[PDB]
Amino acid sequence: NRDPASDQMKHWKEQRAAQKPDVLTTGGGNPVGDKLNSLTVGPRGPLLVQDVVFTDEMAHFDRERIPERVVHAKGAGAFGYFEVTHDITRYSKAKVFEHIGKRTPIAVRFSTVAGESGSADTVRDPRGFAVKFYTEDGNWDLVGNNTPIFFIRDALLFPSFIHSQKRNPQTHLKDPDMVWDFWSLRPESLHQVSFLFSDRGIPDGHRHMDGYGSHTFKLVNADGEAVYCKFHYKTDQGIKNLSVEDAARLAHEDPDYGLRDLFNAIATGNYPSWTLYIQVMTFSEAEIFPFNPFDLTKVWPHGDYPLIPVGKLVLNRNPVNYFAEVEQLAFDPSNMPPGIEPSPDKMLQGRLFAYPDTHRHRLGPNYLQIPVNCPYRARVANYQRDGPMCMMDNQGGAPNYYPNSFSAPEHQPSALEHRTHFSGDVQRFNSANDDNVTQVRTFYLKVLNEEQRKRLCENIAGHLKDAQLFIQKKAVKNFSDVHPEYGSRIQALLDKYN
């Protein structure tokens, strides 16, 4: 026959032998007699306002759409589980990790970054890979990308970054001057620019790309003891990338390529997994790391910070409803359960704010009650009330102020954050000048071959070629800074294009 993606209504149906379709209602639950024909006066007369069946149905239609995500708008989702396989309770007291063999339920959204909802899957762009964990200590979202780094070290530049990757305010086209003005103007961006215009540019679907946490977390054990960390969840299926030729065909042949695959995998029983490691850096090594340990354009070398196994991530269940389980899934960085905790990373620090800020806009004040966003494996008791589209019992008749004499929830000191020490001037510290090439240099010299560097160049100018020549000049100079061959390999190409 055909791929399971395609046999969907077929199976929905096959599955009800215990048929006799339900009665077609209105949302008030009144049964409908005719839904193919509006109520008029005379077969050729006008539409009656008493066709409250028309308006019901129509009123709902006209309301189906919610704003799509500010970035990362286009994606795939799926459910499965995390299971412990080694223990790191030395490092962390978090339940999710509390005992080898332990299994917590998880949801996952894969996506691109710049493209809007009708875009094509198979495009050069970073790639979200977000995991929500319904632990007992509440949800723990770990909002990762498929890259360990990023383009910038200060959240304040984010809007601008994102703006320049999207569309001209006047034109509504993608604009290379904007792409290339930004980037060449902020060279802290060359590390990930270098990752992206590489073969890892475009993965072969979600199942053949790694996931990272990117940021530096803080892990705290049962004694109050702290260490910094890095999360890496590697593909059990391997890497596998799509040539740029392959990628263009699929953009038109199957703009939704990655939903299809993800779907079909799981469905045919071919469950993707990933192995979660952690890098660990003590506070003192932190004090000596030749770079700012909390700098998104930076990786921790694994000769120095070898990886430590933690458990697996198994993807084994397809959404029944895309809208309700994928369009509406809300991942908040700030959903850190006792034992995990953010570091001083500038980028992390504004994600603390931004996520729940746009969820309250896109989904609504109470988006945490949407089925899939509910810490269901835990017990929410607090003094927050009311708000639009308030679903549950609103916590009934329970005292709503704190503190009170009437047995309402009470805080639990064991969940205090880790005491830590800060001394400084409240000022705005430059970061544009931290080291912008070193790590880039090596990447280019020792992590990637010769074809790979011949390609990474071709792809770079192949896009760059359409900025104005100044932007070109600036850009290559920067590239030139990281390694002189990086630069004149690119300048030569640019020449022949130009």
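We number the residues from 1 along the sequence you see.
TODO: Tell me which of 294-302 and 388-396 has the higher mean C-alpha B-factor in the deposited entry.
DONE: 388-396 has the higher mean C-alpha B-factor.
Open item on the list: On mean Cα temperature factor in this entry, is 244-252 or 347-355 the higher one?
Closed with: Mean C-alpha B-factor is greater for 244-252.
Open item on the list: Per the entry's Cα B factor values, which of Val32, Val52, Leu445, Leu36 stands out as the maximum?
Closed with: So the option with the highest C-alpha B-factor is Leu445.
Task: Which of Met58, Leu456, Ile66, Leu48 ranks first by CA B-factor in the deposited coordinates - done: The record points to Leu456.
Open item on the list: When the deposited Cα B-factors of this chain's modelled residues are ordered and cut into thirds, is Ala432 in the lowest, the middle or the highest one?
Closed with: For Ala432, whose C-alpha B-factor we compare with every modelled residue in the chain, the answer is the middle third.
Open item on the list: Quick check for you: using the entry's CA B-factors within this chain, is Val70 in the lowest, middle or highest third?
Closed with: Lowest third of the chain for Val70's C-alpha B-factor.
TODO: Give the position of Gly201 by CA B-factor within its chain, expressed as the lowest, middle or highest third.
DONE: Middle third, going by the recorded CA B-factors of the chain.
Task: CA B-factor placement of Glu116, once the chain's modelled residues are sorted into thirds - done: As the PDB entry reports it, the C-alpha B-factor of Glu116 lands in the lowest third of its chain.
Task: For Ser284, the third of its chain into which the C-alpha B factor falls - done: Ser284: CA B-factor falls in the highest third of its chain.
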